[PDB]
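Worksheet for the structure shown next.
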Amino acid sequence: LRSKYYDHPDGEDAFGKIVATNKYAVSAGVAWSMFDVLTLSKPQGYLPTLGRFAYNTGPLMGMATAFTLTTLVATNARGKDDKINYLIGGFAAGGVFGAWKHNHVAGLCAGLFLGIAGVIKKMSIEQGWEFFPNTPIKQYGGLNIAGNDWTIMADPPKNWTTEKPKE
Amino acid sequence: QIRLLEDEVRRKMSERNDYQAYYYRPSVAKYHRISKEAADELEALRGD
Amino acid sequence: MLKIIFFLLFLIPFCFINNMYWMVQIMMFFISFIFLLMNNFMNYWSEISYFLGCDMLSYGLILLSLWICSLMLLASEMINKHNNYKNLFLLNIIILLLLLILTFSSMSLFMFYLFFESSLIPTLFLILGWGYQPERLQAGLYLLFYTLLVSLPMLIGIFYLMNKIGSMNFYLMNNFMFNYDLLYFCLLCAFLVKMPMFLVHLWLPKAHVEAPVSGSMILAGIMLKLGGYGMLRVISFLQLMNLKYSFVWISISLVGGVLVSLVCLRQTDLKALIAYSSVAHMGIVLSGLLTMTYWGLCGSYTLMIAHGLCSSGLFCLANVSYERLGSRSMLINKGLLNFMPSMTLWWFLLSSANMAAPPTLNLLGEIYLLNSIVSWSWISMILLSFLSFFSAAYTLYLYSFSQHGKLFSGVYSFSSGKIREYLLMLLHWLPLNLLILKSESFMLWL
Amino acid sequence: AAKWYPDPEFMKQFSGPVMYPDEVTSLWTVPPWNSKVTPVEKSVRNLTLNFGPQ
Amino acid sequence: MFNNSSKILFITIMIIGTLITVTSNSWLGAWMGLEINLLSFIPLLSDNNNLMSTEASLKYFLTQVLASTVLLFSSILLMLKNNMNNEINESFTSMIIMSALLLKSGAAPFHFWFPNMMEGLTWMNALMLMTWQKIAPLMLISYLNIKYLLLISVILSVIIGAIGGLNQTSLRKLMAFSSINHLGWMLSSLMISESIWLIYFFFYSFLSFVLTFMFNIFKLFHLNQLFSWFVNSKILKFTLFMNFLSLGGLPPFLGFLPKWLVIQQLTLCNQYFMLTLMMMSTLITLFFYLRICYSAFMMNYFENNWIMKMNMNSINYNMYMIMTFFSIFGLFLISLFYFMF
Amino acid sequence: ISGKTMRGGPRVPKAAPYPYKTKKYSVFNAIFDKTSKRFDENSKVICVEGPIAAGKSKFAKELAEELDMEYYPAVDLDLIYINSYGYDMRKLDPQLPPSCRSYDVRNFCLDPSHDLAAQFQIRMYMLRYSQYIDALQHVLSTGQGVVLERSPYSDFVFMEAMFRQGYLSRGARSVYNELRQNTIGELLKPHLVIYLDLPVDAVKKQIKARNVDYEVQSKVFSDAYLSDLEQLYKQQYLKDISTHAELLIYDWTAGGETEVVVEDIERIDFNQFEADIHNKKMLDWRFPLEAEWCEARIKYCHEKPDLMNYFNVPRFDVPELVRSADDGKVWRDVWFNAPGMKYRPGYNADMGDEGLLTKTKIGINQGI
Amino acid sequence: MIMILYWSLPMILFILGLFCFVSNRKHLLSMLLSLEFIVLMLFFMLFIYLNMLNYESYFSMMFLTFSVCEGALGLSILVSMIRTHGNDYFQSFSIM
Ligand SMILES: Nc1nc2c(ncn2[C@H]2C[C@H](O)[C@@H](COP(=O)(O)OP(=O)(O)OP(=O)(O)O)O2)c(=O)[nH]1
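Protein chains in written order, with the entry's author numbering: chain Y, 4 to 170; chain h, 139 to 186; chain M, 1 to 446; chain D, 39 to 92; chain N, 1 to 341; chain O, 40 to 407; chain K, 1 to 96.
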């Protein structure tokens, strides 16, 4: 159930990829959906509340699946795992966005927003850099962090010696 | 040369926090052995 | 170099004393003369002072600003005539000039950026403060927000270069060649905006049409060059990456130049038409610059000097006509040869220079960019022929239509041209020709 | 020539309690300018007792 | 500290409360300091002349009580499993502590209470809330080392903090959304260091300390009032509003130096993508600041004419003018500062 | 309350008055100096109002002399058009644009229909408001009561009367109410109000007795206009203020004697209302603790600039009160370059002030 | 697990406390009622942890002192509520 998208090469393990992307499709859908049903739409009754959960999450699942399928389909059809594949993938999810929003233009333009988004992600994978890397420099003080102490209570004697032990 | 070294040095300090310059958090045990002192002081007083 | 800076700083108090408007330009013109004597520069940096140097590239651009910023005061005599916060107005230019001098005289890339954008805010005050039409708001934001949106990401690209080079100084940067695709877009898409490129020029027709006469001078005079000057310093270490994506920029600017020339022919506003003419020529400048050849680099430097003086010049004339006719539309402005015949001579010479007419310095630069582009690819001859053809199609339409026909009917009586206006026009055009004699200096910055 | 200045009609943009009014927000009104909302004196209902006779 | 001797006390006890939190070597000790701080602010915040003020005294109380309650809940849970004030490897129990602290400071996902309580505060109250109350919460977050949770708050903070602010006209409510954005920069600066955060916070408080006085001295609460505001020298009014640009972090002014040092360190730490979303979103924040400058940069207005005169307090104005001067010319003093090296 | 005969002599202050004209009274001043220690039976506020030209000024001066009360002369536009050095601003009006031309009572009586009337009425409210606050500072810092001719509370009558005659428009009245609402709530209502009910016919005769040039020549003082004021004082003002302040009504104490009036005031008792805490009568001046006294003193002594900054209510849909931008620039040029307006009062060297190099002081509750 | 056999019950009780503190009841007092309910559960856990220490239960007094003050302060704010709005209903407050 826990599959990572890039665990395998680009044209591989379709069932592994779909699960990985749908994971983020659902999580973002629910996260936004919680705000939608309490703060903006405010439906009444236990049944319609699910419609907002389905409405905001459902098509957002369709997008992720579409991108994986189109990206995966393109990777095999063209014979190479290159940036245009992810660009080709993005326009699929954009197309689903229009069908979701009943708007011809919204789907088209959003595909480009999504299209260039995917391209940069592939750029990162292929060049060897990360979007939110672990900080290499983490500073926990100034220059005199071990010197600037103002406490008044006398520190009773020590119990450890930096010197080499005696025996 | 100095700002490509000084930058490099800082990375090693941060990688292992093995110097008391910037990447070291002073962990003081002073208070606990103050409490141990106070406990010992009160141990003597017990009795009547 | 500090001689210039401290001269300007101590001229700041002149903004506060009253009846010192005209004593300012003389101090601004005199310093140009003093700066004009200290030309002993070379390709490498010279006259070091704590972080301020100057090479042949920076010198011409600095001297261009001092000249242009001095003409701003002549052109904007109406501010003095109506005491319309003239003291504040003067302080805006003196501050603005200092930012420019530092920007070109800065030796380190971080500084160039530091004063690169900082000059913007004095310009932004200029538009809102002294612009007539209500649209100076909706044009005030475009100038500020197109620039900030693409300059803030450039700041990241600058810092990422310290951690590799270890320094900002331009000479030390040239020793490196970078391969990262995004970094290329974080140091040129920021300058491609300010050139401007054809597809991201939407701010230029709005800022120029709405800004006052003085703001039009500096916007067309020095702001379009800071983008050009910046590129000349940062393609040195983007040579490898420049070869993979140059063909995108060359095509856009070349096709962009042609399409804008047609847009020029369908304009009906003097200010708009001159502003769109800036995008047309700036397309050739950028095109030749990205060719990276010796000719394309020297030529681009030349044309930036020449074009600034001209387009700044043509904004004088539009202001002169607008000041009296009261409207900047072509339909109102007709047959001005029969109202102000002495003026029409200056219309022609500045107009002729814009269409690369001889013996102007403009033709020297344009011959060169054309050479580099052709050498880059013989397919570039197609539009490069169209662009040079249409670059005269609108210039004649600009000149002929506004000067030749029968006079407007509804116009009310107005003053004739004054000596100030004629003197202003001479100083714009006359250097633009005599500079050909000593192109030796303002060409071979490499 | 005529010079445009920020006029009453320009500043009507900022007159409301919100820049982009809609049905919900347009119904509102700007708070008191001194930002003090004096509480309104209301009714006084006091309990009653038939103290006595028993 | 404006009306009576009692107000003098509550201010001091606020200082003591904050200090106890940031000087405490254990979660439990830290939590106590928050309680001390809680009741020091409410009486300063509650005034019965305003129907709105008491409502503000409520929303803050319910929020802060819940925050400290949940904060203590997790801290007990944290050392029920580790038996130490510190967790060797961060996990869910440490996330819960982070969530409370963010709500304690009104970060993005839990900021809702923060602007919605700004309607009924005096300007001097907002300054205490905007600047000082954010010390204790944010300073404890430096101990916790969760990245994604902290990272998410930054991304939402700059976004929600900016987009929300475009629609406001109440300056008190506008500054709240402005403050949420600057809060986003802190948390970004907090995953990398603190000395930047300590520097950045001091500058942020400085600018807010300035803008609050200008509204407080001339009792302005709505955008329209800016245009109606009368000043003898339109040059003077023009220059006072040039502090907003510094609050927008434009480099010619002092207010950029803080933003600048936060980028020279985030970039040094390879957090390039974050800076794109942050710095880009700051433009929208820079936008509505300019909407305020519409009343200054244009400099001839149609104004009501039953005022010829400015009536202003001296000492506040005397200190405000000094602070404003550095807010415009403070850049050349970066040479003096030696806290970045 | 206790006239000189009752005390048998001049007022004896409980403690030395605080020099409120020269030293500020902030929170940290309040610690060492307390307010309640200076309050006497005569520490009250008296508003001596009436119709137009009812001899209020003469009656007030005599009255304020018997009760050892400070007398505050009624405000007039000379306070706006005459700067401290004495120069007459009105001389500058040939230069100014027509909309910014000076406007006074003379003008109102001569061209009442001019659009500047709406301006003129708001100024009177603003002037009374500032003067009224000045009286409170004198009361709270000195303990000596004050006698006012017309409080800002009674000023809306003139605006309302002018509206009925049609001099003002709907917009101007709407603007005036918002200012009054925005500002009036922050004052302390007077302890006592005295009214001089001159019948309408009498005041019309009386006005011609002054033989003031513009008034007799004017048309404003019609039966309708003067009648409107009478209906407004008694039905709206007096009916409202009496809920808080003691109310005495005389046909004309200006034509009558004041010694009888002072003896009428002293009969009125001001303590019977103190018993119930929430009693409306004189509610404003009921401070339980010493802190409340000082707070009120601080507000008027130290926070008056705040009080005078509430008059900033932006209203531009009204065209009369708006001043065009082009005029404002011109008006700013002329107004602030006049002799004595270059700098704050007490610093204009060209007017003779000296020692500016070594001078650093500014006045308290002073402008600018 | 240890945490499930010994510390589950108080935590489940705590979250039920919070869900009272957020549910829609007309009167403000419903918040105060649920406030010291949660405090009662916080005491219970804190008392579990303090007893893992042999002699540290004295800190229970420290916690209780802050418990009453937040309740006492919570009650004062309600009093100030009444004398500006006249009633404590949630729906009576401006929604912002
Ligand atoms: N439009 C307007 N005129 C006012 C106002 N207050 C006083 N006046 C005008 C009305 C008359 O023209 C004129 C009458 O002056 P007063 O009644 O105040 O008489 P004065 O105080 O000079 O001495 P006296 O009343 O006789 O003791 O001033 C006001 O609020 N609005």
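Just so it is clear, CB atoms sit at the ideal spot from N, CA and C, and this is done for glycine as well.
Pull up the distance between the alpha-carbon of residue i and that of residue j, whole angstroms please.
i              : j              : result
residue 351(M) : residue 411(M) : 25 Å
residue 320(M) : residue 114(Y) : 50 Å
residue 136(O) : residue 333(O) : 47 Å
residue 144(Y) : residue 158(h) : 9 Å
residue 276(N) : residue 416(M) : 55 Å
residue 304(N) : residue 79(M)  : 26 Å
residue 336(M) : residue 131(M) : 25 Å
residue 242(O) : residue 207(O) : 24 Å
residue 23(Y)  : residue 128(Y) : 16 Å
residue 280(M) : residue 60(M)  : 23 Å
residue 92(D)  : residue 83(D)  : 26 Å
Going by beta-carbon coordinates alone, are residue i and residue j separated by less than 8 Å?
i              : j              : result
residue 180(N) : residue 312(N) : no
residue 241(N) : residue 249(N) : no
residue 57(M)  : residue 232(M) : yes
residue 182(O) : residue 83(O)  : no
residue 152(Y) : residue 84(Y)  : no
residue 188(N) : residue 274(N) : yes
residue 5(O)   : residue 228(N) : The structure shown does not extend to residue 5(O), since chain O is modelled only from 40 through 407, so no value can be given for it.
residue 67(N)  : residue 100(N) : yes
Near residue i, which residues of its chain fall below 7 Å by C-beta distance, leaving aside the five closest residues on each side in sequence?
i              : result
residue 28(Y)  : 63, 64, 66, 67
residue 133(O) : none
Out of the options, which one is the CA nearest neighbour of residue i?
i              : options                        : result
residue 2(M)   : 15(M), 257(M), 106(M), 17(M)   : 106(M)
residue 139(N) : 307(N), 130(N), 22(N), 131(N)  : 22(N)
residue 345(O) : 204(N), 220(N), 279(N)         : 220(N)
residue 237(O) : 230(O), 245(O), 231(O)         : 245(O)
residue 400(M) : 384(M), 436(M), 334(M)         : 334(M)
residue 116(O) : 140(O), 144(O), 104(O), 108(O) : 144(O)
residue 244(M) : 179(M), 299(M), 381(M)         : 179(M)
residue 70(K)  : 92(K), 94(K), 34(K)            : 34(K)
So, for residue i: in the same chain, excluding its five sequence neighbours on each side, which residues have a beta-carbon less than 8 Å away from its beta-carbon?
i             : result
residue 16(Y) : 6, 10
Is it the case that the CB of residue i approaches a heavy atom of ligand 3 more closely than 7 Å?
i              : result
residue 108(N) : With respect to small molecules bound, the structure shown includes ligand 1 and not ligand 3.
Could you name the residues of the segment 199-222 of chain N whose beta carbon sits closer than 9 Å to any beta carbon of chain D, in the order they occur along the chain? 219, 221, 222
Looking at chain N, which residues of the segment 63-95 of chain K have a Cβ within less than 7 Å of any of its Cβ atoms? 66, 69, 70, 73, 74, 77, 80, 81, 83, 84, 85, 93, 94
Quick one, which residues of the segment 124-138 of chain M are near chain D if we go by CB-CB under 7 Å, in chain order? Cβ contacts with chain D: 132, 133, 134.
Residues within the segment 61-78 of chain D neighbouring chain O, beta-carbon criterion of under 9 Å: 70, 71, 72, 74, 76
Under 7 Å (Cβ pairs) to chain D, residues found in the segment 333-361 of chain O: 349, 352, 355, 356, 361
Positions along the segment 166-194 of chain O whose CB lies within less than 9 Å of some CB in chain N: 169
At a Cβ cut of 9 Å, what residues of the segment 164-197 of chain N count as close to chain D, listed as they run along the chain? 166, 167, 168, 169, 170, 172
With 9 Å as the C-beta to C-beta threshold (strictly closer), list the residues of the segment 161-181 of chain M near chain h in chain order. Taking 9 Å as the Cβ-Cβ cut-off against chain h, the residues of the segment 161-181 of chain M that qualify are 162, 163, 164, 165, 166, 167.
Chain Y contacts made by the segment 160-172 of chain h, where a contact means CB separation under 7 Å: From the segment 160-172 of chain h, only 160, 161, 162, 163, 164, 168, 171, 172 have a Cβ closer than 7 Å to chain Y.
Interface positions of the segment 301-334 of chain N facing chain O (Cβ-Cβ less than 8 Å), listed along the chain: 301, 302, 303, 304, 305, 306, 307, 308, 309, 310, 311, 312, 313, 314
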